[PDB]
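Containing mmCIF, N, CA and C atoms: structure00.cif.
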data_my_file
#
loop_
_atom_site.label_atom_id
_atom_site.label_comp_id
_atom_site.auth_asym_id
_atom_site.auth_seq_id
_atom_site.Cartn_x
_atom_site.Cartn_y
_atom_site.Cartn_z
N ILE A 244 -21.52 4.03 11.34
CA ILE A 244 -20.97 2.99 10.47
C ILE A 244 -21.06 3.41 9.01
N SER A 245 -22.14 4.08 8.63
CA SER A 245 -22.25 4.59 7.26
C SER A 245 -21.16 5.61 6.97
N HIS A 246 -20.93 6.53 7.91
CA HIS A 246 -19.87 7.52 7.71
C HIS A 246 -18.50 6.85 7.63
N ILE A 247 -18.26 5.84 8.47
CA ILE A 247 -16.97 5.16 8.48
C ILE A 247 -16.73 4.45 7.15
N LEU A 248 -17.75 3.74 6.65
CA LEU A 248 -17.57 3.03 5.39
C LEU A 248 -17.42 3.99 4.22
N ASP A 249 -18.15 5.11 4.26
CA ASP A 249 -17.97 6.14 3.24
C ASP A 249 -16.55 6.68 3.26
N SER A 250 -16.01 6.94 4.45
CA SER A 250 -14.64 7.43 4.56
C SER A 250 -13.64 6.40 4.05
N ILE A 251 -13.87 5.12 4.35
CA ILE A 251 -12.98 4.07 3.86
C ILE A 251 -12.97 4.05 2.34
N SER A 252 -14.16 4.11 1.74
CA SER A 252 -14.24 4.09 0.28
C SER A 252 -13.58 5.31 -0.33
N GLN A 253 -13.80 6.49 0.26
CA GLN A 253 -13.19 7.70 -0.28
C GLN A 253 -11.67 7.65 -0.17
N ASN A 254 -11.15 7.16 0.96
CA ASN A 254 -9.70 7.05 1.10
C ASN A 254 -9.13 6.07 0.09
N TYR A 255 -9.79 4.93 -0.11
CA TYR A 255 -9.29 3.96 -1.09
C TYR A 255 -9.29 4.55 -2.49
N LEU A 256 -10.38 5.22 -2.87
CA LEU A 256 -10.46 5.81 -4.20
C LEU A 256 -9.42 6.91 -4.40
N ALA A 257 -9.24 7.78 -3.39
CA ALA A 257 -8.27 8.86 -3.52
C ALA A 257 -6.85 8.33 -3.56
N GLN A 258 -6.57 7.27 -2.80
CA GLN A 258 -5.25 6.66 -2.85
C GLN A 258 -4.98 6.06 -4.22
N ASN A 259 -5.96 5.36 -4.80
CA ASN A 259 -5.74 4.76 -6.11
C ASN A 259 -5.60 5.83 -7.19
N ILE A 260 -6.38 6.91 -7.08
CA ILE A 260 -6.19 8.03 -8.04
C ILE A 260 -4.74 8.52 -7.88
N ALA A 261 -4.26 8.62 -6.64
CA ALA A 261 -2.87 9.07 -6.37
C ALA A 261 -1.87 7.97 -6.74
N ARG A 262 -2.19 6.72 -6.40
CA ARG A 262 -1.28 5.57 -6.69
C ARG A 262 -1.06 5.49 -8.21
N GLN A 263 -2.12 5.73 -8.99
CA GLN A 263 -1.98 5.73 -10.46
C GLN A 263 -0.94 6.79 -10.85
N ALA A 264 -0.97 7.96 -10.19
CA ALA A 264 0.00 9.04 -10.47
C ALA A 264 1.18 8.95 -9.49
N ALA A 265 1.94 7.85 -9.51
CA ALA A 265 3.01 7.68 -8.48
C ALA A 265 4.40 7.56 -9.12
N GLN A 266 4.60 6.57 -9.99
CA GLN A 266 5.95 6.34 -10.57
C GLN A 266 6.49 7.67 -11.13
N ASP A 267 5.64 8.41 -11.85
CA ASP A 267 6.07 9.69 -12.47
C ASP A 267 6.36 10.72 -11.38
N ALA A 268 5.65 10.65 -10.25
CA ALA A 268 5.82 11.64 -9.20
C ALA A 268 7.25 11.65 -8.66
N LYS A 269 7.79 10.47 -8.33
CA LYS A 269 9.17 10.39 -7.86
C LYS A 269 10.16 10.79 -8.95
N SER A 270 9.91 10.35 -10.19
CA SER A 270 10.78 10.76 -11.28
C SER A 270 10.80 12.28 -11.42
N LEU A 271 9.63 12.92 -11.35
CA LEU A 271 9.54 14.37 -11.51
C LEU A 271 10.18 15.10 -10.34
N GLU A 272 10.03 14.58 -9.12
CA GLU A 272 10.67 15.20 -7.97
C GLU A 272 12.18 15.15 -8.10
N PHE A 273 12.73 14.00 -8.52
CA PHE A 273 14.17 13.94 -8.71
C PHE A 273 14.61 14.85 -9.85
N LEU A 274 13.80 14.96 -10.90
CA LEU A 274 14.14 15.85 -12.00
C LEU A 274 14.15 17.31 -11.53
N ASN A 275 13.19 17.69 -10.70
CA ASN A 275 13.19 19.02 -10.10
C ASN A 275 14.43 19.23 -9.24
N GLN A 276 14.80 18.22 -8.45
CA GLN A 276 15.99 18.33 -7.61
C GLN A 276 17.28 18.27 -8.41
N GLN A 277 17.23 17.85 -9.68
CA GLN A 277 18.43 17.68 -10.48
C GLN A 277 18.67 18.81 -11.48
N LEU A 278 17.73 19.74 -11.61
CA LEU A 278 17.90 20.84 -12.56
C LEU A 278 19.00 21.78 -12.08
N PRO A 279 20.06 22.01 -12.87
CA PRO A 279 21.15 22.92 -12.50
C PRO A 279 20.70 24.38 -12.41
N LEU B 50 -32.87 -7.74 25.19
CA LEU B 50 -31.93 -6.83 25.83
C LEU B 50 -30.60 -6.70 25.10
N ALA B 51 -30.28 -7.62 24.20
CA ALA B 51 -29.03 -7.53 23.46
C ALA B 51 -29.02 -6.30 22.57
N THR B 52 -27.89 -5.61 22.54
CA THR B 52 -27.77 -4.39 21.76
C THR B 52 -27.91 -4.71 20.27
N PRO B 53 -28.78 -4.01 19.54
CA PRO B 53 -28.91 -4.27 18.11
C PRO B 53 -27.63 -3.92 17.36
N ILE B 54 -27.36 -4.68 16.31
CA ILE B 54 -26.17 -4.48 15.48
C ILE B 54 -26.63 -4.30 14.05
N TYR B 55 -26.49 -3.09 13.53
CA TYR B 55 -26.87 -2.79 12.15
C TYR B 55 -25.71 -3.08 11.21
N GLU B 56 -26.05 -3.27 9.94
CA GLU B 56 -25.08 -3.60 8.91
C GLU B 56 -25.22 -2.62 7.75
N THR B 57 -24.10 -2.03 7.35
CA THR B 57 -24.06 -1.14 6.20
C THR B 57 -23.18 -1.75 5.13
N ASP B 58 -23.45 -1.39 3.88
CA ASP B 58 -22.72 -1.98 2.76
C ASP B 58 -22.51 -0.95 1.67
N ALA B 59 -21.54 -1.25 0.81
CA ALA B 59 -21.19 -0.39 -0.32
C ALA B 59 -20.68 -1.26 -1.46
N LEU B 60 -20.73 -0.70 -2.67
CA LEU B 60 -20.34 -1.43 -3.87
C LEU B 60 -19.31 -0.62 -4.64
N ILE B 61 -18.15 -1.23 -4.89
CA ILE B 61 -17.02 -0.57 -5.54
C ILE B 61 -16.76 -1.24 -6.88
N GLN B 62 -16.53 -0.44 -7.91
CA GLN B 62 -16.19 -0.94 -9.24
C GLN B 62 -14.68 -0.92 -9.41
N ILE B 63 -14.11 -2.06 -9.78
CA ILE B 63 -12.68 -2.17 -10.06
C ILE B 63 -12.49 -2.15 -11.57
N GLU B 64 -11.73 -1.18 -12.06
CA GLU B 64 -11.48 -1.05 -13.49
C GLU B 64 -10.55 -2.15 -13.99
N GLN B 85 -8.19 -9.60 -11.33
CA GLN B 85 -7.60 -8.90 -10.19
C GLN B 85 -8.44 -9.13 -8.93
N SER B 86 -8.64 -8.05 -8.17
CA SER B 86 -9.56 -7.97 -7.04
C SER B 86 -9.10 -8.76 -5.82
N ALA B 87 -8.12 -9.65 -5.98
CA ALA B 87 -7.54 -10.31 -4.82
C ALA B 87 -6.52 -9.41 -4.13
N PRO B 88 -5.56 -8.81 -4.85
CA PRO B 88 -4.67 -7.84 -4.19
C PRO B 88 -5.42 -6.65 -3.61
N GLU B 89 -6.48 -6.19 -4.27
CA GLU B 89 -7.28 -5.10 -3.72
C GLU B 89 -8.03 -5.55 -2.47
N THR B 90 -8.50 -6.80 -2.46
CA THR B 90 -9.12 -7.33 -1.25
C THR B 90 -8.14 -7.35 -0.09
N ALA B 91 -6.88 -7.73 -0.36
CA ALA B 91 -5.89 -7.73 0.70
C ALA B 91 -5.48 -6.32 1.11
N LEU B 92 -5.44 -5.38 0.16
CA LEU B 92 -4.99 -4.02 0.45
C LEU B 92 -6.05 -3.20 1.18
N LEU B 93 -7.33 -3.50 0.96
CA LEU B 93 -8.39 -2.76 1.64
C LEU B 93 -8.28 -2.91 3.15
N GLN B 94 -7.98 -4.11 3.63
CA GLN B 94 -7.86 -4.38 5.05
C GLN B 94 -6.45 -4.15 5.59
N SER B 95 -5.61 -3.45 4.84
CA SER B 95 -4.28 -3.12 5.34
C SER B 95 -4.38 -2.02 6.38
N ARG B 96 -3.40 -1.98 7.28
CA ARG B 96 -3.42 -0.99 8.35
C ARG B 96 -3.25 0.43 7.82
N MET B 97 -2.72 0.60 6.61
CA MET B 97 -2.53 1.95 6.08
C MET B 97 -3.87 2.66 5.86
N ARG C 385 28.77 13.04 -34.76
CA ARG C 385 28.56 13.75 -33.51
C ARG C 385 27.12 13.60 -33.04
N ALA C 386 26.24 13.21 -33.96
CA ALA C 386 24.85 12.95 -33.60
C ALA C 386 24.74 11.76 -32.66
N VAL C 387 25.51 10.70 -32.92
CA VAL C 387 25.51 9.54 -32.04
C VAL C 387 26.07 9.91 -30.67
N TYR C 388 26.97 10.89 -30.62
CA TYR C 388 27.47 11.37 -29.33
C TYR C 388 26.35 11.96 -28.48
N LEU C 389 25.52 12.82 -29.07
CA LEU C 389 24.39 13.39 -28.33
C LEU C 389 23.34 12.33 -28.02
N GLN C 390 23.15 11.37 -28.93
CA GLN C 390 22.20 10.29 -28.67
C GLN C 390 22.63 9.46 -27.46
N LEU C 391 23.92 9.12 -27.39
CA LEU C 391 24.43 8.39 -26.23
C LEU C 391 24.36 9.23 -24.97
N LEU C 392 24.59 10.54 -25.07
CA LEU C 392 24.45 11.39 -23.89
C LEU C 392 23.02 11.37 -23.37
N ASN C 393 22.04 11.47 -24.27
CA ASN C 393 20.64 11.43 -23.86
C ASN C 393 20.28 10.09 -23.22
N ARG C 394 20.73 8.99 -23.83
CA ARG C 394 20.45 7.67 -23.26
C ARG C 394 21.09 7.52 -21.89
N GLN C 395 22.32 8.02 -21.74
CA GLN C 395 23.00 7.99 -20.45
C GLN C 395 22.24 8.80 -19.41
N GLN C 396 21.71 9.96 -19.79
CA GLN C 396 20.93 10.75 -18.84
C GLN C 396 19.65 10.03 -18.43
N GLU C 397 18.98 9.38 -19.39
CA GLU C 397 17.80 8.59 -19.05
C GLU C 397 18.15 7.46 -18.09
N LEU C 398 19.29 6.80 -18.34
CA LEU C 398 19.74 5.75 -17.43
C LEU C 398 20.09 6.32 -16.06
N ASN C 399 20.66 7.52 -16.01
CA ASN C 399 20.93 8.16 -14.72
C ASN C 399 19.64 8.40 -13.95
N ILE C 400 18.61 8.89 -14.64
CA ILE C 400 17.33 9.15 -13.97
C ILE C 400 16.73 7.85 -13.44
N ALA C 401 16.71 6.81 -14.28
CA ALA C 401 16.09 5.55 -13.87
C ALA C 401 16.90 4.85 -12.77
N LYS C 402 18.23 4.94 -12.83
CA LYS C 402 19.06 4.38 -11.77
C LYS C 402 18.86 5.12 -10.46
N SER C 403 18.77 6.45 -10.50
CA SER C 403 18.62 7.21 -9.28
C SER C 403 17.26 6.97 -8.64
N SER C 404 16.19 6.98 -9.44
CA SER C 404 14.87 6.74 -8.88
C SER C 404 14.70 5.27 -8.50
N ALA C 405 14.72 4.40 -9.52
CA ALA C 405 14.67 2.93 -9.28
C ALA C 405 13.62 2.55 -8.23
N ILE C 406 12.34 2.70 -8.55
CA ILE C 406 11.29 2.21 -7.61
C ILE C 406 11.39 0.67 -7.63
N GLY C 407 11.78 0.06 -6.51
CA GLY C 407 12.00 -1.40 -6.49
C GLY C 407 10.71 -2.20 -6.45
N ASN C 408 10.83 -3.53 -6.49
CA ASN C 408 9.64 -4.42 -6.46
C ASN C 408 9.10 -4.51 -5.03
N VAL C 409 9.72 -3.80 -4.09
CA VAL C 409 9.30 -3.91 -2.66
C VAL C 409 8.69 -2.59 -2.18
N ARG C 410 7.38 -2.57 -1.89
CA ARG C 410 6.76 -1.36 -1.30
C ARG C 410 6.21 -1.77 0.07
N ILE C 411 6.84 -1.32 1.15
CA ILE C 411 6.45 -1.76 2.49
C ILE C 411 5.09 -1.14 2.79
N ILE C 412 4.03 -1.94 2.63
CA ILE C 412 2.69 -1.44 2.90
C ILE C 412 2.52 -1.17 4.39
N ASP C 413 2.89 -2.14 5.23
CA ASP C 413 2.71 -2.03 6.68
C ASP C 413 4.03 -2.33 7.37
N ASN C 414 4.61 -1.32 8.01
CA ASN C 414 5.77 -1.54 8.85
C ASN C 414 5.39 -2.39 10.06
N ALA C 415 6.38 -3.11 10.58
CA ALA C 415 6.10 -4.13 11.59
C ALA C 415 5.52 -3.51 12.85
N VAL C 416 4.44 -4.12 13.36
CA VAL C 416 3.84 -3.72 14.62
C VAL C 416 3.57 -4.98 15.43
N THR C 417 3.56 -4.83 16.75
CA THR C 417 3.46 -5.93 17.70
C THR C 417 2.06 -5.96 18.30
N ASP C 418 1.45 -7.13 18.34
CA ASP C 418 0.15 -7.29 18.98
C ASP C 418 0.33 -7.31 20.49
N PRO C 419 -0.30 -6.40 21.24
CA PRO C 419 -0.09 -6.37 22.69
C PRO C 419 -0.61 -7.60 23.41
N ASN C 420 -1.50 -8.37 22.81
CA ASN C 420 -1.99 -9.59 23.43
C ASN C 420 -1.07 -10.75 23.08
N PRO C 421 -0.46 -11.41 24.06
CA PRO C 421 0.44 -12.52 23.75
C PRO C 421 -0.29 -13.65 23.04
N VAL C 422 0.42 -14.30 22.11
CA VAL C 422 -0.15 -15.43 21.40
C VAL C 422 0.06 -16.74 22.14
N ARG C 423 1.10 -16.84 22.97
CA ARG C 423 1.34 -18.00 23.81
C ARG C 423 1.80 -17.51 25.17
N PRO C 424 1.43 -18.20 26.26
CA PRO C 424 0.54 -19.36 26.26
C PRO C 424 -0.93 -18.98 26.22
N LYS C 425 -1.76 -19.86 25.65
CA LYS C 425 -3.21 -19.66 25.62
C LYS C 425 -3.77 -20.24 26.91
N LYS C 426 -4.09 -19.37 27.86
CA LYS C 426 -4.41 -19.82 29.22
C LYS C 426 -5.68 -20.67 29.25
N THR C 427 -6.72 -20.24 28.53
CA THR C 427 -8.01 -20.91 28.63
C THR C 427 -7.93 -22.36 28.15
N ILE C 428 -7.30 -22.58 26.99
CA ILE C 428 -7.21 -23.94 26.48
C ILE C 428 -6.30 -24.78 27.36
N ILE C 429 -5.27 -24.17 27.96
CA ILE C 429 -4.40 -24.91 28.87
C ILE C 429 -5.19 -25.39 30.08
N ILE C 430 -6.00 -24.51 30.66
CA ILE C 430 -6.79 -24.89 31.83
C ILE C 430 -7.82 -25.95 31.47
N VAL C 431 -8.47 -25.81 30.31
CA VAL C 431 -9.45 -26.80 29.88
C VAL C 431 -8.78 -28.15 29.68
N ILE C 432 -7.60 -28.17 29.05
CA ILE C 432 -6.88 -29.42 28.83
C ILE C 432 -6.49 -30.03 30.17
N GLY C 433 -6.03 -29.21 31.11
CA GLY C 433 -5.68 -29.73 32.42
C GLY C 433 -6.86 -30.37 33.13
N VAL C 434 -8.01 -29.70 33.11
CA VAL C 434 -9.20 -30.23 33.77
C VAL C 434 -9.64 -31.54 33.11
N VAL C 435 -9.67 -31.56 31.77
CA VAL C 435 -10.10 -32.76 31.07
C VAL C 435 -9.14 -33.91 31.32
N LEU C 436 -7.83 -33.63 31.32
CA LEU C 436 -6.85 -34.67 31.58
C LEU C 436 -6.99 -35.22 32.99
N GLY C 437 -7.21 -34.34 33.97
CA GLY C 437 -7.43 -34.81 35.33
C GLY C 437 -8.66 -35.69 35.44
#

In structure tokens, what does this structure look like?
Amino acid sequence: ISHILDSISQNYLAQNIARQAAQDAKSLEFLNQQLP
Amino acid sequence: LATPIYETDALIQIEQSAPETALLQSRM
Amino acid sequence: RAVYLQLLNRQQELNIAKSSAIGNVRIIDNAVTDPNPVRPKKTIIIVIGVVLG
């Protein structure tokens, strides 16, 4: 149970670190796909 | 004879807290 | 001609934002079905039948 709760917390924290870096991620991917 | 049930806990700092409460228990 | 390039830049920014357009809807959980039926609830039906009898 300790390992499970630790994994839950780590996943939540890593997602939010990633979620914070999200709107720009799609913009940058489309910009990469749009460069002539 | 009943199987013991232990309880573990953790403390998270939020930099709200209702949407995060709902999102924590999401299937994702 | 400066306003021409300014409008071109604004148009390109609008093209980027229109193409990406992250909407107000982010599907957190796609629909899934609970394998346990919600109706009929057999236990309460049997209890109600016994009590009514």

Inset, instruction - Could you list, as a ChimeraX atom specification, the residues of chain A having an atom within 8 Å of chain B when counting all atoms listed in the file? - result: /A:244-245,248-249,252,255

Legend entry - Residue with smallest distance to chain C - pool A:256, A:274, A:247, A:261, counting all atoms listed in the file: A:274

Inset, instruction - Would you kindly report the residues of chain C within 8 Å of chain A, using all atoms listed in the file, as a VMD selection string? - result: chain C and resid 400 to 401 403 to 406

Inset, instruction - Can you check which residues of chain C have any atom within 8 Å of chain B? Use only N, CA and C atoms and format it as number ranges by chain. - result: C: 412-414

Inset, instruction - Go ahead and compute the interatomic distance for CA of residue 399 in chain C and CA of residue 264 in chain A, in Å to one decimal. - result: 21.4 Å

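CA of residue 410 in chain C is found 18.3 Å from CA of residue 257 in chain A.
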
Inset, instruction - Based on DSSP run over this structure's backbone, return all residues of chain B in helix (DSSP H, G or I), as an MDAnalysis selection string. - result: chainID B and resid 87:93

Draw an axis-aligned box over all listed atoms of range 51-62 of chain B, pad each side with 4 Å, and write its centre and edge lengths in Å, one decimal, as JSON.
{"center_x": -22.5, "center_y": -4.0, "center_z": 7.4, "size_x": 23.6, "size_y": 15.2, "size_z": 41.6}

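CA of residue 397 in chain C is positioned 27.9 Å from atom N of residue 259 in chain A.
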